[PDB]
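Values quoted throughout were computed directly from the atomic coordinates according to the rules given, and no laboratory measurement underlies them. As a convention, Cβ positions derive from the backbone with ideal geometry for all residues, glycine included, and neighbour counts pool all protein chains shown.
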Amino acid sequence: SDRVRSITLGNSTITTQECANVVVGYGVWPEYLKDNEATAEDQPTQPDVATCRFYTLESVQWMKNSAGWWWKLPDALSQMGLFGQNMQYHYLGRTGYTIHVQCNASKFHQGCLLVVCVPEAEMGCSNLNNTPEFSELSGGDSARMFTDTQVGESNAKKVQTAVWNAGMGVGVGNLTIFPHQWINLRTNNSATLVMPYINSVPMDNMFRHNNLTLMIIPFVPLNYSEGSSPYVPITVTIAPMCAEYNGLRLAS
Amino acid sequence: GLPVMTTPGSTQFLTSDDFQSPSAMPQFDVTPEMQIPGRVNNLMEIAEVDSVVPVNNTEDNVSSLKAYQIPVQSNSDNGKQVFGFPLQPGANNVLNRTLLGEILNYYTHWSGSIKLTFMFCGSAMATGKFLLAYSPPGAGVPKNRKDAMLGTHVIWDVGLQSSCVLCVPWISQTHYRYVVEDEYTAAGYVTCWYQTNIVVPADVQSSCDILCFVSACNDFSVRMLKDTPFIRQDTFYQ
Amino acid sequence: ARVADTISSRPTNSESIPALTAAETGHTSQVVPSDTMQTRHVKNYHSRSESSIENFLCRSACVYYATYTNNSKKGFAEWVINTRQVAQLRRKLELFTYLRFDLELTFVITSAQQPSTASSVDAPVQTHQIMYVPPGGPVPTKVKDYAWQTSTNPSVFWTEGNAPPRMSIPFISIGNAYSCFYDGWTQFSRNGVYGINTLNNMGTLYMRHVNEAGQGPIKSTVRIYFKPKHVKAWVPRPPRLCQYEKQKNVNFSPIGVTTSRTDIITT
Amino acid sequence: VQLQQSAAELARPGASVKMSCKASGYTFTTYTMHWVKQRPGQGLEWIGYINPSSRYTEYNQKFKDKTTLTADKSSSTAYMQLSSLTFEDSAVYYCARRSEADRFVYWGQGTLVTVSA
Amino acid sequence: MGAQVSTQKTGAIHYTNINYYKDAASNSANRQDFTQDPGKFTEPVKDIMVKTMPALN
Amino acid sequence: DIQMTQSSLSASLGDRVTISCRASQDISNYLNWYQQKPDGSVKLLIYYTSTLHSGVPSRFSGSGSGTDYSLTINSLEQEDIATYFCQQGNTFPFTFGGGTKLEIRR
Ligand SMILES: CCCCCCCCCCCCCCCC(=O)O
């Protein structure tokens, strides 16, 4: 059939019984750096089994009056295994990702998620004269969440969490131009993306440039009758792919 | 001492010209290119990506995520109307702010077909049939299912594959149509009606929702580039 | 670039359904209107020529204008070069994430007489000088300074009445593409400024009168027109919905999605 | 584009008064609309604004209990309702349409609200 | 002397252009580079699906 | 809250008139000057430290950096007898300065 997959990376395996087809990038599979495109003169370190595996992030609860969540992508894996210990010791870095969001429900629940992966997403501050700090933009493998109201201008440095403008100033319905996949609890059960390295420099520093953002926005909210299980969690597993680093320095 | 004679049009500054110009930094070398994914060569690759259209505008849902859900429930009579909107993708405020209707606000003329993908965001046991009708202008808006069954229509049945595509055709007297509101080139109406009911088993919520997308077919065209009316400015940004 | 034509069709009754799809797979359906109804064989001569990235972007648009007064010391204008101070060009350049283009830069310099008090005023034609200081060079501090020699900085000299001056600028950037967006800090300790303002270091643009203050003050005005050529664009982006707020960042006040109508069945 | 307020009104100490600011010439549901109070012997003072597209109001910390700003998108007016009127609130109230960042470009002409017995 | 004799855009005649300057960023605009590949923004899917077949087998 | 300190100025016709208002801490060039006519119509004059608004005659000019700023009318007329405020836009809430009325000398 065309409903079952089995992804194998490193020493981990993600199986699935019903899911749609995979959405690969803007058309290209993640691969290593060439020789006519490189700019660093020292030899990279490609472990390729010690990083390219599925790291499981934390689970968030889908309530009825829930708004959305976002994870900044090369920041959520900063304390995860030998990928967070190679980001601290090396200066540069180049990764492609393989995101897999999974949320299961029975045949009596209903709802619909939008799993998108927005590159270079700047967020707008609450008070229009400042810029948000680090702790309000992204948490260490923990989901920051949107709201359904507007954050007032009384707060000094906080991220605007109005979900119908998606934090960036675009319409939330127009986010389907970025590579995306819907999780519809009628038919679908999990949605997987493959993302290559999208940046203007061949290699980039990884502690001050978050070049991807994974957004999950519920368009049709969860609803059930009285008797079904009310606790529906959402778990995201993210694996790097084809990673390499240059410029070994001290710990930072 | 070759004799020339300067024609009219000399020493003007036209803002859409194609001339050569003396370079300001001579023998500059550029930075070599890189294979960055997702190169766009034409704006008709952005308009062919579907985007959710906000049908449910009721003056207190535009400031929410409830503008995208068309509510559908289990009735007691038959033949009701789910929604309806005229098909003017640059002037109607339903199709105004989508991904298609914003590229179409830079241009003045358009031609081609428009796909309209619907998706049933309901439970796993609920069934039902909907009739997606499109009526070209000349009459009014259709009022009954007996009057909207005459135009172009397609009877959608929900099931395992949970999305149906009504492709409106290109039936028009002129080759192009105006983006702005012009009654000489009106384009028609799009409605959707209950064929049968929405039947649910016990312990299932009866109120289901429906999303709707909109894109353009592989024969869309635009012409006569203008400036957009949606952005505005009074002072300089500083 | 001719578009496709519709082929003829016939009434069918088969197990192949082109209308039904699955929109959950993130893949827009490629149906043709000859698959959901009966059609004829029309041939389209329509062209998609006026929607490429070249013809959509290669059009001149103003970005800034500054005024300066003759009869004043430190009467001279300056501008830190960035394309984020108008709204009709900032919305076109924020449809794509990364751009790469060569400019064609034009100035339209006008003049106006100030209310002087000397009798029988007569001033000859005026000459303007527009110097471009790269990031790090020497800057002037008054109208008659040593930095206006243009020993290595490029500059133009323009008398009034002639055609407007025009240069051409090649792709002057560090990386491989102009980045219109940047999500990251400048310091490695993740503080300080954040946003697109950490990438913009493009220089300054100084303007002054060459003539001296004869008998009447003359206030001028210079408008600056950009025009991108040989454009390549990568990674498209949904357009801006809210109104713009600042030059440095992407702030906004939240706005509803569309305007409102009275019902769901109304037209 | 111009903003046209109501006429000068009068109220007893303890009653409530309702002003208006009819926006005309532009699209009402896009820009926020502020309210500024000037007592006749002092300078201008800020009260609070209202987003007419989502009806989210945010007052100053001194006028949090008295004012109640509201608006309607249909007739394109913005109302301001004062409550618990004392003899401090006899001033002139302007409405301003806040353009790009912090610049109050278009102002009204202002209604004079006075309290007496 | 160069003189790349190209074609003109019309409905349903040649023209000559010569480059004069030494910098490649000082030519005319392109205006005639028509290429389309919309299969990367509408079909970003690994295992391809036929239009006539059902999507979820 | 930023305390904005600016009272009743007098100058003859056709002279150089200067007003100054001083903020509490550095507001970083975010100062706007308004003008209130004697009937009660208010309009924006200068929306930065120096940048004039479209529709304002070229008599008015501004300056200043850091904490202390100024507004300079280089030739006083009859239409420019009004009251001038200064307003910051750097810290919530937007606070206005006190008035400054102009009048003729003798
Ligand atoms: C004739 C002498 C003056 C020449 C001045 C050259 C000015 C070069 C400007 C560089 C382009 C700026 C592009 C900003 C980045 C963006 O596109 O977002």
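Below, the figures for the structure above:
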{"read-out": "Enumeration of residues in segment C:20-49 that are over 42 Å from the mean Cα position of the chain (by Cα) and in a loop (DSSP other than H, G, I, E, B)", "value": "C:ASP35, C:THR36, C:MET37, C:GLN38, C:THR39, C:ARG40, C:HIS41"}
{"read-out": "Unique match (being more than 10 Å from the ligand (Cβ to nearest atom) and surrounded by 18 or more Cβ atoms within 10 Å (Cβ to Cβ)) among C:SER168, C:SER220", "value": "C:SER220"}
{"read-out": "Scope segment C:50-75; condition assigned to a loop (DSSP other than H, G, I, E, B) and among the polar types (S, T, N, Q); matching residues", "value": "C:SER60, C:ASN70, C:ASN71, C:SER72"}
{"read-out": "Options C:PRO135, C:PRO140; residue that is assigned to a loop (DSSP other than H, G, I, E, B), within 12 Å of the ligand (Cβ to nearest atom) and of a type outside the set (S, T, N, Q)", "value": "C:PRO135"}
{"read-out": "Residues being charged (D, E, K, R) and either surrounded by fewer than 17 Cβ atoms within 10 Å (Cβ to Cβ) or away from chain F (no Cβ under 14 Å) (or both) - total across segment D:63-117", "value": "7"}
{"read-out": "Residue in segment C:6-17 that is within 14 Å of chain E (Cβ to nearest Cβ), assigned to a loop (DSSP other than H, G, I, E, B), among the hydrophobic types (A, V, I, L, M, F, W, C) and crowded, with 21+ Cβ neighbours inside 10 Å present", "value": "no"}
{"read-out": "Test result for C:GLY195, within 16 Å of the ligand (Cβ to nearest atom), on the phi > 0 side of the Ramachandran plot and within 14 Å of chain A (Cβ to nearest Cβ)", "value": "yes"}
{"read-out": "Candidates C:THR259, C:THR266, filtered to the one that is within 14 Å of chain A (Cβ to nearest Cβ), surrounded by fewer than 21 Cβ atoms within 10 Å (Cβ to Cβ), more than 30 Å from A:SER200 (Cα to Cα) and of a type in the set (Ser, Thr, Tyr)", "value": "C:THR259"}
{"read-out": "Complete set of residues in segment E:19-57 that are facing chain C (nearest Cβ under 10 Å), touching a helix residue (DSSP H, G or I) at 6+ places or on another chain (Cβ under 8 Å) and either exposed (fewer than 13 other Cβ atoms within 10 Å of the Cβ) or among the acidic types (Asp, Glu) (or both)", "value": "E:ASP33"}
{"read-out": "Residues located in segment C:76-117, provided they are of a type in the set (D, E, K, R), within 9 Å of the ligand (Cβ to nearest atom) and in a helix (DSSP H, G or I)", "value": "C:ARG90"}
{"read-out": "Per-region count, segment C:58-75, residues within 12 Å of the ligand (Cβ to nearest atom) and over 27 Å from C:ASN249 (Cα atoms)", "value": "0"}
{"read-out": "Hits in segment A:161-198 - residues which are more than 26 Å from B:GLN69 (Cβ to Cβ), part of a loop (DSSP other than H, G, I, E, B) and more than 9 Å from chain C (Cβ to nearest Cβ)", "value": "A:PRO196, A:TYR197"}
{"read-out": "Exclusive hit being hydrophobic (A, V, I, L, M, F, W, C), under 27 Å from the mean Cα position of the chain (by Cα) and either within 11 Å of the ligand (Cβ to nearest atom) or surrounded by 14 or more Cβ atoms within 10 Å (Cβ to Cβ) (or both), set C:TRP148, C:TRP158", "value": "C:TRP158"}
{"read-out": "Single condition C:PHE226 does not satisfy, out of (1) within 14 Å of chain A (Cβ to nearest Cβ); (2) within 12 Å of the ligand (Cβ to nearest atom)", "value": "(1)"}
{"read-out": "Checking A:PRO202 against (1) of a type outside the set (A, V, I, L, M, F, W, C); (2) over 30 Å from A:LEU248 (Cα atoms); (3) within 12 Å of chain C (Cβ to nearest Cβ), the condition it does not meet", "value": "(2)"}
{"read-out": "Enumeration of residues in segment F:43-82 that are assigned to a loop (DSSP other than H, G, I, E, B), in contact with a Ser or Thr (Cβ under 6 Å, 6 or more places away or on another chain) and closer than 22 Å to D:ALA101 by Cβ", "value": "F:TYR47"}
